[PDB]
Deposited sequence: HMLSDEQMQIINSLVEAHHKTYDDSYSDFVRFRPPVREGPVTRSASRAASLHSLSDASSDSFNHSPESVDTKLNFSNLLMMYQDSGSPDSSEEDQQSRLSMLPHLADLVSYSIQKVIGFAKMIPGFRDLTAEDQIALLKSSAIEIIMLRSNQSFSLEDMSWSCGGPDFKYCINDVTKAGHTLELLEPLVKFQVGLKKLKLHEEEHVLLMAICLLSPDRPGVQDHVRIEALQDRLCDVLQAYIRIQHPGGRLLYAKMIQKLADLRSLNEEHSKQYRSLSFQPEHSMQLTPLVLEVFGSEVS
């Protein structure tokens, strides 16, 4: 059974996610329109930039994150941002289309659209298989948000300084999650292990994305289509 502290944590994370993920996707009309070389890069650059702002807002409402130093908050966000985006995008991903469907055909992104932003199948194949397997877990939203917070508060990121403080915060969330699955998720005997494996998959997806983002960013013709926030977050500055 769960304590008032653990339960309060779940409440905070679910509300944080509801405040930063808009199921209507009505903001997407403000992005540079999609075009279907690298015709989708402007639209998807804006999608990712908009999503980074949402992840920042989600992180700020995680219990304990704000209390970290600004330098640690930045270190965590720069390393984990692309992983949180991949996690949170599962909510729009659809198994019947194998695509991310964001309320309208114009904002339906298939594998081919993402190739039109410079990405090769070395990234898109594992990314799509990741989305499929994550969708098959049929996570409760409580588990979905705990997993995003656990990913965000990982102390084994480059640049982190207060490793001990961040590890304690992450351990607390891991205990909330393990408990929650035990009491509230029937048939969830092996779910915690499968979710942790998903965190390992994200590390590998992060590595491949960083290779392919490096290609894009070294060609000014393409890096100029990115946004200032994307260049800053995905950039290598310390």
{"property": "Unmodelled ranges, which are counted on the deposited sequence from position 1 and given in order", "result": "1, 38-97, 300"}
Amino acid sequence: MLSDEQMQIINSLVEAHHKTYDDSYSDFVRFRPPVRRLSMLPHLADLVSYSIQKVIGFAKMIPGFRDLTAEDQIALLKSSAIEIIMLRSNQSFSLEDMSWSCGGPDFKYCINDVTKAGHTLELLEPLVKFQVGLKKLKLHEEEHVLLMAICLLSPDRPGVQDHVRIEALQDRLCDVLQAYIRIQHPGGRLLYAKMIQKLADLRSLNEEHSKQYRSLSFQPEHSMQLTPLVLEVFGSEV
From here on, numbers count along this sequence of modelled residues.
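Take the two forms, superpose them, and find the largest set of C-alpha atoms that agree within 1.5 Å; that set is the rigid core.
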item	value
Comparing 101-109 and 74-82 where Cα RMS over structures and residues is taken in 6 other deposited structures of this protein (core fit), larger one	101-109
Which of 212-220 and 225-233 has higher mean CA B factor, as the PDB entry lists it	212-220
Stretch with the greater mean C-alpha B-factor as recorded in the entry, comparing 99-107 against 144-152	99-107
Residue 184 CA temperature factor, ranked by third within the chain	highest
Assigned third (lowest, middle, highest) for the C-alpha B factor of residue 194	highest
Third of the chain's Cα B-factor distribution that residue 157 belongs to, per the entry	highest
Cα B factor band for residue 60 (lowest, middle or highest third within the chain)	middle
Assigned third (lowest, middle, highest) for the C-alpha B factor of residue 66	middle
